[PDB]
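# Observations on the three-dimensional arrangement
If you want the building blocks of each chain, they are given just below.
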Amino acid sequence: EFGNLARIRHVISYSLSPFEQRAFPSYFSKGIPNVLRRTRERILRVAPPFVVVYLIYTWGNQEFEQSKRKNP
Amino acid sequence: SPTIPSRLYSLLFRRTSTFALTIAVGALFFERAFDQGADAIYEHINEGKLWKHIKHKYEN
Amino acid sequence: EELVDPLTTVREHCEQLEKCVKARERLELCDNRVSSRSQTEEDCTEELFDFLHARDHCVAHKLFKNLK
Amino acid sequence: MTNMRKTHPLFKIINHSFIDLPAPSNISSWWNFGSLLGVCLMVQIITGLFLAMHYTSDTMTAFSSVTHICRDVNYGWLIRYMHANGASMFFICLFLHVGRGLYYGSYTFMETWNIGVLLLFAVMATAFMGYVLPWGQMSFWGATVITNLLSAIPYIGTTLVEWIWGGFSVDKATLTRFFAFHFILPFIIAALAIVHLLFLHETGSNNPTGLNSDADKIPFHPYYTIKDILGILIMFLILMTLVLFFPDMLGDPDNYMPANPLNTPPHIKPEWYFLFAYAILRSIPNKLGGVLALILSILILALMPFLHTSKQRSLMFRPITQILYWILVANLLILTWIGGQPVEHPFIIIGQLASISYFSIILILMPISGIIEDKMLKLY
Amino acid sequence: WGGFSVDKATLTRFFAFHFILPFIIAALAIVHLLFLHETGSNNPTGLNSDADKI
Amino acid sequence: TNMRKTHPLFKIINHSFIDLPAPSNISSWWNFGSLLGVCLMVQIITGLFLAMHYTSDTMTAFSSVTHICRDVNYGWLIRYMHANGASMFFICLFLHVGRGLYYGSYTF
Amino acid sequence: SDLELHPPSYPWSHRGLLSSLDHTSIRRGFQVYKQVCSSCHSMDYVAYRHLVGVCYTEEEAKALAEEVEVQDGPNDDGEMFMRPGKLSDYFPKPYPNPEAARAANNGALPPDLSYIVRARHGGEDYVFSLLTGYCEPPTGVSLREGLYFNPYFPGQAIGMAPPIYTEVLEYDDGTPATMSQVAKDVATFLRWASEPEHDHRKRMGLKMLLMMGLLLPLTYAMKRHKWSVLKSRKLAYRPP
Amino acid sequence: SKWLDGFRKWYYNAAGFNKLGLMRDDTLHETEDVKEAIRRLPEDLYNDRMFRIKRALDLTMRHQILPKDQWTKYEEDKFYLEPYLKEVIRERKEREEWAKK
Amino acid sequence: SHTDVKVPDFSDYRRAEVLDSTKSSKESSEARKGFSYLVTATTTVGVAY
Amino acid sequence: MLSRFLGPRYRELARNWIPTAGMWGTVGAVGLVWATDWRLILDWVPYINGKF
Ligand SMILES: CCCCCCCCCCCCCCCCCC(=O)OC[C@H](COP(=O)(O)OCCN)OC(=O)CCCCCCCCCCCCCCCCC
Ligand code: HEC
Ligand code: HEM
Ligand code: HEM
Ligand code: HEM
Ligand code: HEM
């Protein structure tokens, strides 16, 4: 509930009207580097398990296909 | 000259009741235009395949 | 006869490519190996499936252009 | 003169919960999924209400009533495939909801987490009996396989399974009681979701930083209302493109055959959102052990608040546990793939490895990684 | 009716409506009790019972 | 400390049924209101056990009801308490509205 | 055997995302079903009134249903009688019950082809590959009489005789009646018979795609406009 | 050794709360012991911590981090909450071992 | 000091017609409100359809 | 992490609450065999063996 959540002192905040400012201010020119930075920060934690299970999926499919084949 | 959004705000978008009337009339005209355009795109991509294109040989 | 199935024409056009002819060569080696009559129960459905898979991929590329 | 928003009692309740609710300013797009789950629940109620106006729970006239809905009722195909693909979208939203809770440490809202666990159990049961309802080949045979698997608990298994069946096999009594239970269960889900929201509004919401967000909080209106509208319309885009363009990729084709108790299909697998648990029940060559392993997989998801050993809430600042979390996510993906595969070489060993890795990551490796990270931050 | 007269469509939609209406009834009873509890019950004398309540 | 006043789920039950102030002189007519709620639950519960056997089809609705009475274990009991519980529900409802009219309860 | 043949992906005219069905091919495939496939198979969820506005006019479909002879009754005397069919008459079953169907067709039961493109993997590619794939068995395998070698049927031993060949029926639009043409027409008709909403479904998908491509950036602009107060917000800290 | 110090400061950079201007003690989960140690803080440390938390919340709302010359570094990460927290757990452990007997 | 504070530069964010500091407002406010409410009205029309 | 209850006072509390919890377990077992009509125990009792 608003008004009794925290004790804040010596903090000033400045804003604008939504009619006084652009909706998309420097969208691509500041969005492509920031998305690239977040990607650079998170690929080494996210991607390699998915790459490993991609190789597990492909290996399992080819091993199933080879076990289908009649051994001479 | 006053701009087109300026006249739109001063004449239609200022009050809320005129805003709602503009939304309703625009919804009528827009469903007419959108339905005709999307339908026409649909027979232009699928010409000679729908029943309406081939109900001339057998309708008589 | 006097009216010819185009599927046979596309088929015989598609049994002359490299993958299909080597699948066919393995198919007649399987055929004469089993028909050598060694009294053992092996069959020739796998190389038949290989030949049919290659031939039907080829004819599925180019069948429907000749059909009204 | 007064304010009717804050003095009228139900207006006071909706003002507390939806308008003047202090929400964190920095919650990401992963926080849209609770409202997505609520609106997809409402879509399921409305579409199922319109589906039950023509459905007839009777083994002679269930498949034919489904075809009558598809081919004779105006837009009955639209409502039916909206219902099925909305169940699929509902479980997508559930999985991302629980993944948000696991990653950002939201399970320390313990009663909210446990009410959620009860919600998840109820939703999985509801969707199981709903999939039984069209009385196809796969519906009847999946129901048969699940209940004979339930019959393995000692000294009460046969009695409980013949009480659930209403007979000695799956027949019309089972279909009628499954229609009744499928109709009733989402209202209990809705009441438990009200209790879920009650506990959450008492305990406050969580931010991706895991910090105390009461220093910077914003009202729910208009910010998260317009964010929820954007998320709802994106979810409608995904749901409607999967209804209108690919209506039959998340189901199986041999549910479009009538149920035959004599003929059995070669690939008897449940719906995709059960498949990972299916792999667990084939990870053990003992039926009682498989049933126990399934229910305690969901119960260790319930027990997750007790295993928290780190002194930080969210995984924003904990990269080792982040790596373990994504290993767990990919392990769930291959559990789904293995459950979608027949019992053959080499899927038994891969399924066993996936199961033991899943339980080792949830039980053992994550609190040890929390201890390691606390040591590495000079905490202890 | 869902048709020219009362038929199978009317019977099935009446079954769906008859099943689902008691839950709106239960929720409306919750709202009924909520609107009651802001002011308390009435007594047979009609007077202010705040002098003696249990 | 106590769960009756601090637990957020038990606080609602305590505020509505345990520490709720009620007039000390209300007659038996007020009991009818709670009776209505009980009838609702009874109807719902009995209705669910009619729904495990009812078949909504014009060929097999009358036959399904006869199968409930004649072949389902105690099915005649559940069907007839659903019917007479609808009747008792309307009796309690009528007396509830009559209590509302007589004792001036419509000012709420 | 345990081996499975996977049929290829033929370039169907309704393979596209917004591509409709060729209704002349659906009409020709209905002609194929009426002449050939209805001697053994049933269509227990398709009626004659579904052909109006799709393949035939209402007088043409009424005349098609008039040649049908349907069981009905009972009359005033209390017995079955026989009538010409109406538009509200479903497609006639060849057999009164599945046991006579199993008896006539040499054991094996010919299934209902009302969902057969939605009940088989591969869809109508499977139907086209099965109808056109009747070949001799390879070396070694013994084919029992009453069974025919189709490599696309699982088990490779189907109970269906090859039902189509060159000029098995005479089309009413001057079409060459090759076996591939007949198979493609009946596959298109069977694809229609399991989803008659398909053209309407793709029209709604087109309208939904255009509407949603309009609606995504505007409600995104509404969200971004309302959040621009917080996104441009600047903070400061000045302790005394 | 100094290898462990270099590896700890590499982990400090890899964890990422330094990029939001945060201290290590700001990232502690608010348990009862932690909240009591916050309550025992002087007012300037309290105001600094609350401003750091609010600024980090603002930056994560915009999906952005600070420029690098105002990042927190491994050396000047002062541990302000450690003596208060140590005294709080010592007092709670004393109360617990008293109540055990 | 309360006089020591001032609003920082918002020129990265504000619109082009309100960028010039030495030109008074209430000349382009109707155009900005009309554009934003036109976006709102058009998405309301689509949602209503 | 349950090391807060390792002392003589909690052992004293435990041996105080042995008989009450045991009697509540006896109540639960008797109620379970009474409600389920379980045939293992109800055949070992004299008077209730009348319907079998
Ligand atoms: C050695 C240094 C770190 C790695 C090389 C990168 C060096 C970069 C140097 C320059 C800095 C660039 C910017 C750095 C950004 C933030 C730091 C970062 O990305 O670190 C790498 C990251 C996390 O590293 P960290 O967690 O610190 O390492 C664990 C320590 N015990 O990620 C990693 O370390 C990679 C983790 C890979 C995990 C692979 C797991 C494979 C197995 C998955 C199996 C899943 C399926 C299981 C199925 C079972 C059943 C079959
Ligand atoms: C009588 C000789 C038939 C004619 C004419 C047609 N079909 Fe048939 N079909 C027949 C039988 C006896 C069977 C059962 C085969 C078995 O092994 O049990 C079938 C089966 C089919 C199937 C199902 C194949 C599957 O994998 O399930 C299809 C799709 C099928 N037949 C197609 C089909 C078509 C399109 C026909 C008209 C050209 C047709 N059949 C005619 C018997 C007979
Ligand atoms: C029936 C489906 C569910 C519905 C409708 C539902 C509904 C909601 C809603 C509306 C919210 C608030 C908005 C949000 O944070 O996304 C929420 C939050 C939450 N739910 Fe659920 N939920 C469901 C399933 C679950 C499950 C299965 C769990 C447990 C794993 C769970 C645990 C939580 C938690 C922990 C939060 C708070 C997260 C936070 O505050 O950041 N929910 N839920
Ligand atoms: C109370 C609201 C609901 C009602 C009345 C309802 C009713 C129905 C009916 C009548 C069917 C049969 C129609 C058919 O199968 O084609 C059905 C199917 C189904 N329902 Fe529900 N349902 C409801 C809620 C849900 C929920 C919440 C879920 C889970 C998300 C769900 C999942 C399913 C599934 C998976 C099917 C099978 C779809 C199919 O295979 O055709 N239902 N439901
Ligand atoms: C669906 C059936 C109904 C249920 C379950 C129901 C439930 C209740 C309950 C639980 C109470 C509180 C207990 C009591 O004071 O008797 C109550 C009181 C009340 N109800 Fe209802 N009610 C129902 C129908 C109605 C109707 C139809 C009316 C309007 C004519 C009505 C008007 C009232 C009033 C005025 C009270 C206040 C009692 C007083 O202070 O004198 N109720 N109801
Ligand atoms: C969700 C709860 C309910 C369900 C599922 C339900 C279901 C059914 C079913 C299946 C029947 C037909 C079976 C039979 O006629 O014996 C029925 C009949 C009936 N129900 Fe309900 N019902 C419910 C609630 C109610 C309520 C609240 C009322 C009272 C207003 C009610 C009044 C009746 C009546 C009067 C009949 C006809 C009894 C007769 O055959 O004469 N039901 N209900």
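The structure under discussion appears in the preceding block.
## Thoughts on the pattern of salt bridges
Scanning all chains against the criterion turns up 44 salt bridges over all chains. Taking the shortest distance from any N to any O, the salt bridge between A:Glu41 and A:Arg37 comes out at 2.9 Å. Here the residue A:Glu41 and the residue A:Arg37 both occupy positions in helix α1 (residues 27–68), the gap between them amounting to four residues, near one helical turn. Residue A:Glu41 is classed as partly exposed on the basis of its relative accessible area, which comes to 25%. Close ionic contact of G:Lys184 with G:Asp185 constitutes a salt bridge, the shortest N to O distance being 3.7 Å. Comparing G:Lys184 with G:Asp185 shows no difference in burial state: the two are buried.

## A short note on the coordination of the iron atom of ligand 2
Perfect tetrahedral coordination of a metal by four donors corresponds to 109.5 degrees between them, and perfect octahedral coordination by six donors corresponds to 90 or 180 degrees. Residue and element names in this part refer to chain G. At 1.9 to 2.2 Å from the iron atom of ligand 2 lie its protein donor atoms, namely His 41 (NE2) and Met 160 (SD). Angles of 77 to 178° at the metal separate the six donor atoms of the iron atom of ligand 2, which places the site in the octahedral class. Residue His 41 is located in the loop between α1 (23–35) and α2 (58–66), and its partner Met 160 is located in the loop between α4 (124–131) and α5 (179–194); the two are separated by 119 residues in the primary sequence. Judged by relative accessible area, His 41 falls into the buried class, the value being 12%. You can call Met 160 partly exposed: its relative accessible area is 22%.

## Here's the deal with the packing of aromatic side chains
Applying the stated criterion to the full structure yields 71 aromatic pairs over all chains. With a centroid separation of 5.1 Å and 45° between ring planes, the pair formed by D:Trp31 and D:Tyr104 is classed as tilted. With a gap of 73 residues between them, D:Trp31 in the loop between β1 (22–24) and α3 (33–51) and D:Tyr104 in the loop between α5 (76–103) and α6 (110–132) connect regions that are remote in the sequence. We note that D:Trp31, like D:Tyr104, is buried. Members of the aromatic cluster, each reached through a chain of ring pairs, are D:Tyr55, D:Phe179, D:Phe183, D:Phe187, E:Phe15, E:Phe19, E:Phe23 and F:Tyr54. The aromatic ring of D:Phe109 is capped on one face by D:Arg313, whose charged end is 4.4 Å from the ring centroid.

## Focus on the arrangement of the chains
The protein chains that touch form 17 pairs of chains, and the pair with the most contacts between them is chains D and G. Of all C-alpha pairs spanning chain B and chain C, none lies closer than 13 Å, and the two are not in contact. Considering only C-alpha positions, the minimal separation of the non-contacting chain B and chain H is 31 Å.

Parameters at a glance
Residues numbered from 1 in each chain as written, not as in the entry; some residues may be left out. Chains lettered and ligands numbered in written order. Part of a larger assembly, values for the part shown. Heavy atoms only, no water. Salt bridge = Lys/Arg side-chain N within 4 Å of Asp/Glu carboxyl O. Helix = DSSP H or I, 4+ residues; strand = E, 2+ residues; numbered from the N terminus. Buried < 20%, exposed > 50% of the residue type's maximum accessible area, 1.4 Å probe, protein only. Donors = N, O, S within 2.8 Å, 3.2 Å for Na, K, Ca; no water. Tetrahedral: all angles 85-135°; square planar, octahedral: opposite > 155°, others 65-115°. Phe/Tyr/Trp six-rings, centres within 6.5 Å; stacked < 30°, edge-to-face > 60°. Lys NZ or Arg CZ within 6 Å of the ring centre and 35° of its normal. Contact = heavy atoms within 4.5 Å.

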